[PDB]
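In: Pasting an experimental structure, sequence included:
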Amino acid sequence: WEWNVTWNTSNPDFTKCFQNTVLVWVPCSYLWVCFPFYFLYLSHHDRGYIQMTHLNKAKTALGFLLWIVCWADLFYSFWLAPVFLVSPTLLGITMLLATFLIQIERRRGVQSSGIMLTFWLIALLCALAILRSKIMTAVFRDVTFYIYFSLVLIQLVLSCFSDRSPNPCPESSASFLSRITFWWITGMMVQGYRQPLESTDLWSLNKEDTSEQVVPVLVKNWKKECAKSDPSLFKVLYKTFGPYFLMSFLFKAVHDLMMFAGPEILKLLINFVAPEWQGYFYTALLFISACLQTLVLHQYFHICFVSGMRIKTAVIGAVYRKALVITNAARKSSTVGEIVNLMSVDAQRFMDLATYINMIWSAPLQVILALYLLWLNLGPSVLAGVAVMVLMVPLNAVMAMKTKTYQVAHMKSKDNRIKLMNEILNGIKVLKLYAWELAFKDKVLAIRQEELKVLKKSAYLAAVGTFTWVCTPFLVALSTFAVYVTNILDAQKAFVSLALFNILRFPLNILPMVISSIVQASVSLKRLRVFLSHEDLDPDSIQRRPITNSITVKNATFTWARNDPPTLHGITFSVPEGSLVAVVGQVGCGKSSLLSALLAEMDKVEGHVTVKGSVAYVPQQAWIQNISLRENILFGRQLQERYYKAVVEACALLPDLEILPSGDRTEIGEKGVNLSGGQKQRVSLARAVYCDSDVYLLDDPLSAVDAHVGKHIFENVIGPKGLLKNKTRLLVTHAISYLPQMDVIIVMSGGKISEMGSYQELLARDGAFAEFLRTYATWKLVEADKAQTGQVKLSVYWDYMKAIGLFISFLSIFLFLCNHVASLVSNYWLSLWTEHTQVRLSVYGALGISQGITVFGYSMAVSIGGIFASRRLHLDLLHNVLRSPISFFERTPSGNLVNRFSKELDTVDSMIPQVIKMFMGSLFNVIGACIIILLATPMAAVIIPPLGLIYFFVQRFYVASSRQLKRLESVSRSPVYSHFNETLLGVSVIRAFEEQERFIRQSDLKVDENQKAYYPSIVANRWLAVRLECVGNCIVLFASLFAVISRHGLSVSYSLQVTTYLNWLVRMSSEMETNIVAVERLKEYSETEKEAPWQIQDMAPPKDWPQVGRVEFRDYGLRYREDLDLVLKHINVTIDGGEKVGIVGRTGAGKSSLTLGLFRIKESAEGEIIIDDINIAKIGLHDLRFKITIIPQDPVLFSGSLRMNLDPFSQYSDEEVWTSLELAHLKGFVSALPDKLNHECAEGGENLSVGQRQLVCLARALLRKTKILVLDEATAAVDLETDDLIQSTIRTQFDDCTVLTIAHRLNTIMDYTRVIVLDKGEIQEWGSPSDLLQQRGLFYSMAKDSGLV
Ligand SMILES: Nc1ncnc2c1ncn2[C@@H]1O[C@H](COP(=O)(O)OP(=O)(O)OP(=O)(O)O)[C@@H](O)[C@H]1O
Ligand SMILES: Nc1ncnc2c1ncn2[C@@H]1O[C@H](COP(=O)(O)OP(=O)(O)OP(=O)(O)O)[C@@H](O)[C@H]1O
Ligand SMILES: [Mg+2]
Ligand SMILES: [Mg+2]
């Protein structure tokens, strides 16, 4: 090796020894270092074995022949030079390793081999170099090399084709080149360019990325962690995601090395402008190194993104499973908002970290490399500069710690907000009926303001950290130079170091974010590890032995939580098989607690409970999913028409199906809001009955149905002559009409078994229950999320800009422009201006500091803008959602509304401001580069348009697909939330019916759809990026080829920078365009039709408007949607002032539709209501709802303080609230509570019994107490003693106000002056109850089934 023949001569020729040693050691060596490592992948990852094909054999045979040929050389050498022995033998054995490797790759099922192809490429290049040398030299050993080269070339061509396999994702069958360049998606790219992409065009998820192949692994690792240990979530994380992620370390290291090597080649090339061969070889080397850098970096990015997506899938699945197995105490502790945050944006924090977590070691690697270069270029003086960086470590770290705390608080606040929103979604009908939309809007606004203040402080600290990190290189430069002068600096020596500082700045300009991502991910890990470590109920607590007493209990002390006192005190009873059991009692005595204790939903302090046989449970509050009635009754069961029809007919559900539009196939709504209370209860009971279980725990299944339907159901389903006659049945009921039929009656008083026996046994004991008995007192309703088809409207960008404000936007743009101008001036000053040294070295520092402050400036200007816009975008949304009518919440499932408030809002909060910042930075960088290359060589400006033009085209070609993918991702994420909500609403039902596995599979399917939408998005980013970077690399080599041909310079180092800036301007613009989809989806609800104006100023009623309360319907036809039949066809009532009127009728007749129409919840289809000579159709919405009270059918208590539930407006004094609780017969219960009125109600009020929730509704009705009271079955799930107490207080407090009472208990309506009988939506018997009884009509019959005659 000497420079005369290798570099100095115009003939590019290697030396003979170099040819025979290094050029042969390179490829053989590559396979030797990779071979061992490759067994790891070949072993850990398997896909079967490929069959015997001609291609595989062709490759194997050529591997055998190639080895022979190489050993044939050793034979001829055996037949002086030392290299003529070792080299042929080494090549032969590495060749024997190559053929063995394709053999084992066949065995392990790999169609395209990256190793073989790259290995053959390197061998080919080495052979090409020797080939050219051997053909320039000119039989004996040359012909062996020609044979070797031809065989190697054919082997390389063969290695490109993909072998046979052992809406599929093309990556599973793509060739090696296709996957290294992400070509397997280009088909969807052009498709997505001709028509908007839909979910149908999207490919099915890869097997490795599928939820049921990812979540289980994480669950198993977590279970092992808990078995061996507090359990550290981080441990299971890398024990679950490192085996695949660690290859990104190799890709990152290779990319770092080659991205450092590239600029060296650039500098040598620009120094070159020596014969033309040197320039051609240098440009080819730069080109191939750049292309390899892009490919390797981009595989690294794909690995990080796929690992992050798998992390999100695993986190969502684990959260779902834990929520399924969670205990009630932990479920109360970890609110629904917290679970929604964990599964919605907590894995987003992990997703981002994935990309930066491969930099935590890369940034200090380049930092220490530049530091060593500084040491060798300037001596030990640089250690002083190190000190500065050292003193920059704690402060930032300290701030990071502070930021962490903020994030924690921020996250906590977010949970609260989401939890509150969930309550608003669940009790929206009650919220609007009570005119409480404004109060809860203000509550959510206060929570959001607190959360945004915390986020603003966190953004301030992040801006300070970014500022100090951006000013650190310049301060280090100045400190090092000042220490160095006190031997002398050389103008060249001084400035060969300034560039090193510009290189070191890159890392110090990402640690600002790597730190933020790590802090957010650490907070997320903490929240998720705390959730996954929550106490879980065990099925082994209840000895659920398969099918001599069906249910036996021995001294059970069940408690809802360990901290709280036990609810069940010494429970002991034994129910024989097939025995009808009624659990009677007053409000809040643990009857539903007893049933949930038999379901293992209650923590057991001590006892022995054995429940034998399958359990079928019906919750007092019926849980209904979005599936139709047939799928609700089936509940994932095989359809048997003979039994399904019998169950439907027996449960008195047939007439409701007759009056339903599509019968039993019509969609039923997210929460059963389509159905009535009685129909909901009947559907839940029929679902339990159809599932043939051995034990049926029925909790008030006939409380919300009339006497006739209740008797029909009991005789045909529950009673001794019903379908359930052979099953043990625990019937928790308050009605005592069916007690004589009961085989065993258990009285639950104070939480314990006060009395046990039959009706004839308890009527002779002469006890408390004896006194109680003596006293006798398809359609497709829901609309799924829709993805917009087209460019996002510029109105969305305007909405995000006008929310930020003119001043903030102008200041941010000015600071961006000033920062990039200062940076350009500094860099340009260094480039051209190169004693003046200290003075110029000071200018570099001065401009540099002037840059950092501006970097700080917009960092504190965009972020606060992100606080402003998120403060507006949410508020309008919070307004837009509430102002929307009840029909909107009916048709929109509670996964779109949660999506806007959880994930799209999070994207608006944090992602969009940062992405806007990086878009403005890239755009101004491109403008500055355009100015730079315009001032220099103005003749080149002719190529300024077309260059940008082509880039523009690529940008367009990409967004037309990319947006849709993002849109589809959001549209694919809305259902998942819904499922969680549903799963969170009916956890007890799912656990009791043992349908946990089916719901787990449904959640896995929904997450699989979401990732089917999300994975093509990241693959699209990679594909676009490869092409964009390749465009640049083919303008670097091209400008380089052109410049070398026209040598006798900086057009290249200008062209490369402009192409890189344009590539990262296109990528950023695509990112901003995709992120604006979040604002588009938030604004989607703005155009949705809303309710009538809340307050009509002109048509305001008098202050004392309902003073008479003379409600007068004219016809008031009611139609929920303009696709169904009327439910209030031509009713004419003339309710007088202060008239006790009772709207009684059959279940599902339209009684509560009257109440919904009185409040203008549903606009009148035909007719009007003139209350006190004032038409409500004309009155303001609040002017109507604030002057009419209602006690809703479904008692919902929003999570929070009990006093907050009684009046969220907080306009009643605590003394008055105490009085209102006293007339509700709840004073004793609230007073024995440890927290008194500040008692925290659970999510949806589950902390209280439904009787106590009805009492709370009555108490808040007493609090309002206007001249119109609507009693929508207030006495529905309360005992007879409480029932009469409620009626007596109403009879007293509501004595001079018009009251419209809908009830199935006719004994509460005989005192009413006159009643409204409803059958199917028409005015039936109409008059005084005594007159109707004389008429002997339908009211008489209803009183007959009620036992009142
Ligand atoms: N939100 C809704 N959308 C569409 N149809 C509905 C809706 N709510 C109820 N219905 C239908 O209207 C009819 C009457 O329902 P409504 O709410 O008036 O019953 P109800 O009189 O309150 O019954 P119950 O006696 O059980 O309280 C039924 O056919 C029911 O399925
Ligand atoms: N999730 C919960 N957290 C805390 N306490 C609860 C919870 N669920 C029920 N309780 C308490 O259990 C007690 C009894 O509730 P349960 O519903 O069993 O009463 P009940 O007498 O059957 O009610 P009802 O008369 O309405 O049928 C009440 O003190 C209630 O507050
Ligand atoms: Mg109950
Ligand atoms: Mg009703």
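Out: Arrived safely. Numbering: from 1, shown residues only. Ligands and ions are numbered 1, 2, ... in the order given.

In: Could you confirm residue 746 falls within a helix?
Out: No. Judged by DSSP: H, G, I helix; E, B strand; the rest coil, residue 746 forms no part of a helix; its state is strand.

In: In this structure it contacts residue 752, no?
Out: No. Contact criterion CB atoms under 8 Å: residue 746 and residue 752 do not qualify, at 10.6 Å. Quick note: C-beta positions are derived from backbone N, CA and C, even for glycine.

In: Without its sequence neighbours, what residue ends up closest to the closest residue to ligand 2 within the stretch 1001-1150 of the chain?
Out: Proximity of the stretch 1001-1150 of the chain to ligand 2 (CB to the nearest ligand atom) peaks at residue 1147, 19.2 Å away. Nearest non-adjacent residue to residue 1147, counting by CB to CB, 6 or more residues apart in numbering: residue 678, 3.0 Å away.

In: Following element in sequence after the strand or helix carrying that neighbour, please.
Out: In this structure, residue 678 sits in helix 677-690 according to DSSP states H and E. Per DSSP H and E, the first helix or strand lying C-terminal to helix 677-690 is strand 695-699.

In: helices and strands around the helix or strand that that following strand is followed by, which ones?
Out: Remark: after strand 695-699, the chain's next helix or strand is helix 707-713, criterion DSSP H and E. Judged by 3 or more CB pairs under 8 Å, 6 or more residues apart in numbering; DSSP states H and E, helix 707-713 is in contact with helix 677-690, helix 1338-1345.

In: For helix 707-713, what is the distance to the chain centroid?
Out: Relative to its chain's centre, helix 707-713 lies at 45 Å (CA atoms, centre = their mean, to the nearest Å).

In: residues making contact with that helix?
Out: Residues from elsewhere that reach helix 707-713 (CB atoms under 8 Å, 6 or more residues apart in numbering): 650-652, 678, 682, 685, 701-702, 705, 735, 737, 1146-1147, 1304, 1306, 1341-1342, 1345-1347.

In: swap in stretch 1153-1162?
Out: 429, 432-433, 885-887, 1092, 1111, 1116, 1118-1120, 1127-1128, 1131, 1143, 1164, 1169, 1176-1177, 1181, 1184-1185, 1188, 1190, 1268, 1270, 1272, 1300, 1302, 1316, 1318, 1321.

In: Same check on stretch 203-221?
Out: In contact with stretch 203-221 (CB under 8 Å, 6+ apart) are residues 167-172, 188, 236, 239-240, 306, 309-310, 313-318, 321, 1001, 1003-1005, 1007-1008, 1011-1012, 1015-1016.

In: Kindly report the same for stretch 859-867.
Out: 452, 455-456, 459-460, 462-463, 466-467, 804-805, 808-809, 811-812, 815, 909-910, 912-914, 916-917, 920.

In: Mark which of those residues are part of helices, please.
Out: Among these, the members found in helices (DSSP state H) are 452, 455-456, 459-460, 462-463, 466-467, 804, 808-809, 811-812, 815, 912-914, 916-917, 920.

In: Next, format the helices and strands packed on helix 707-713 as a markdown table and append mean neighbour count and distance to residue 61.
Out: Listed next are the helices and strands packed on helix 707-713 as a markdown table, based on neighbours: other CB atoms under 10 Å; distance: least, CB to CB, whole Å:
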| stretch | mean neighbour count | distance to residue 61 |
| --- | --- | --- |
| helix 677-690 | 26 | 66 |
| helix 1338-1345 | 18 | 91 |
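
In: For ligand 4, find the nearest of those helices.
Out: Ranking the helices and strands packed on helix 707-713 by proximity to ligand 4 (CB to the ion) places helix 677-690 first, at 4.7 Å.

In: what helices or strands is that closest one leaning on?
Out: The contact analysis (3+ CB pairs under 8 Å, 6+ apart) places helix 677-690 against strand 615-618, helix 629-634, helix 641-650, strand 695-699, helix 707-713.

In: what about that helix, near ligand 1?
Out: Yes. Using CB under 6 Å from any ligand atom, helix 677-690 reaches ligand 1 at 677-679.

In: wait, doesn't residue 578 sit right on residue 720?
Out: No. Residue 578 is beyond contact range of residue 720, at 9.5 Å (criterion: CB under 8 Å).

In: What values do phi and psi take at the residue of the stretch 51-200 of the chain found nearest ligand 1?
Out: Taking CB to the nearest ligand atom, ligand 1 has its nearest neighbour within the stretch 51-200 of the chain at residue 199, 27.8 Å off. Main-chain dihedrals, residue 199, degrees, to the nearest 10: phi -70, psi -30.

In: That one: what's it in contact with?
Out: 968, 971-972, 1009, 1012-1013.

In: Check this structure for its longest strand and report it.
Out: Determined from DSSP state E, the single longest strand within the chain is strand 549-556.

In: so how far is that strand off the chain centroid?
Out: Worked out by CA atoms, centre = their mean, strand 549-556 lies 43 Å from the chain centre.

In: And for stretch 1102-1114?
Out: With CA atoms, centre = their mean, you get 48 Å for stretch 1102-1114.

In: CA atoms only for it - export them in PDB, please.
Out: What follows is stretch 1102-1114, C-alpha atoms only, in PDB (Å, rounded to 0.1, in the frame of the first residue of the first chain):
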ATOM      1  CA  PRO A1102     -92.800  36.900  34.000                       C
ATOM      2  CA  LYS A1103     -90.800  36.300  37.200                       C
ATOM      3  CA  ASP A1104     -93.800  34.400  38.600                       C
ATOM      4  CA  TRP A1105     -94.600  32.500  35.400                       C
ATOM      5  CA  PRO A1106     -95.800  29.100  36.700                       C
ATOM      6  CA  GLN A1107     -97.700  30.800  39.600                       C
ATOM      7  CA  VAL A1108    -100.900  28.900  38.600                       C
ATOM      8  CA  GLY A1109     -99.300  25.900  37.000                       C
ATOM      9  CA  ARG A1110    -102.100  25.400  34.400                       C
ATOM     10  CA  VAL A1111    -100.500  22.900  32.000                       C
ATOM     11  CA  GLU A1112    -102.600  22.600  28.800                       C
ATOM     12  CA  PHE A1113    -101.600  20.200  26.000                       C
ATOM     13  CA  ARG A1114    -103.400  20.900  22.700                       C
END
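
In: Let me see the contact set for the closest residue to ligand 2 within the stretch 301-450 of the chain.
Out: Using CB to the nearest ligand atom, the single residue of the stretch 301-450 of the chain nearest to ligand 2 is residue 328, 5.1 Å away. By CB under 8 Å, 6+ apart, the contact set of residue 328 is 537, 560-561, 601-603.

In: Which one of those residues is nearest to ligand 4?
Out: Closest to ligand 4, out of all of those and judged by CB to the ion, is residue 601, at 27.6 Å.

In: Neighbours of the closest one, how many?
Out: For residue 601, the neighbour count with other CB atoms under 10 Å is 21.

In: what sits against the residue nearest the centre of the chain?
Out: The residue lying closest to the centre of the chain (CA atoms, centre = their mean) is residue 344, at 2.5 Å. Applying CB under 8 Å, 6+ apart to residue 344 gives the contacts 898, 902-903, 906, 977.

In: mind redoing it with 6 Å?
Out: 902-903 (CB atoms under 6 Å, 6 or more residues apart in numbering).

In: Thanks a lot, see you next time.
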